[PDB]
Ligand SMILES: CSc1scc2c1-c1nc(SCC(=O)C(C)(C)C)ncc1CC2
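First, one chain by itself in structure tokens, the form solved without this ligand.
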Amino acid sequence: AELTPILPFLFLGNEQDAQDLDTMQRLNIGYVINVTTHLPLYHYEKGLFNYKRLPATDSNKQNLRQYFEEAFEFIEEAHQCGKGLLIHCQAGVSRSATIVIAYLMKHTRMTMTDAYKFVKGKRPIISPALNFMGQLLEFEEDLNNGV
């Protein structure tokens, strides 16, 4: 699957997209979120991008909610200086997709269902782990209650 534009400044990809320096520059991406503990920060040595690692493991029983606010601040940082941001994990199917869905629910005010449908329409391969789906559902509750 190709790199997925979500918003003009937000792109959802896999570990191969993170290696595509030509695409990254063409899309004015200046920021990179890596949602794994174990993948490299590709192109770090080139001194071109600002990076953020959210060190998610390979276990589906893990807590991703704890990374939401950190990721949100970084995305707003990129948006506020007029650059794009690439968020990726290994396949762009579960870990990175969950954070993107969470972002759309909080900062675009979409319901979980519409946020999921929005990303799924653009990136048909997404399929967040069921434990991640439950955390998003609790996040939706928290947003609706003002928490």
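From 1 onward, residues are counted along the sequence shown.
Here the subject shifts to the form solved in complex with this ligand, a form of this protein not shown in this document.
- Site accessibility, blocked: after C-alpha superposition of the site, this ligand as positioned in the bound PDB entry shows three or more atoms within 2.4 Å of the backbone or C-beta atoms of the displayed chain.
- This chain appears without its partner; in the bound PDB entry, the one residue of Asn28, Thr113, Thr57, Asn63 with a heavy atom within 4.5 Å of this ligand is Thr113.
- Not displayed here, this ligand is kept clear of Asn34 by more than 4.5 Å at the level of heavy atoms in the bound PDB entry.
- Contact annotation: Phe132 falls within 4.5 Å of this ligand in the bound PDB entry, judged by heavy atom distances.
- Contact annotation for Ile87: none of its heavy atoms lies within 4.5 Å of this ligand in the bound PDB entry.
- Although the partner is absent from this view, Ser127 contacts this ligand in the bound PDB entry, with a non-hydrogen atom inside 4.5 angstroms.
- With this ligand omitted here, the record of contacts in the bound PDB entry names 89-97 of 49-57, 36-44, 89-97, 65-73, defined by a heavy atom within 4.5 Å.
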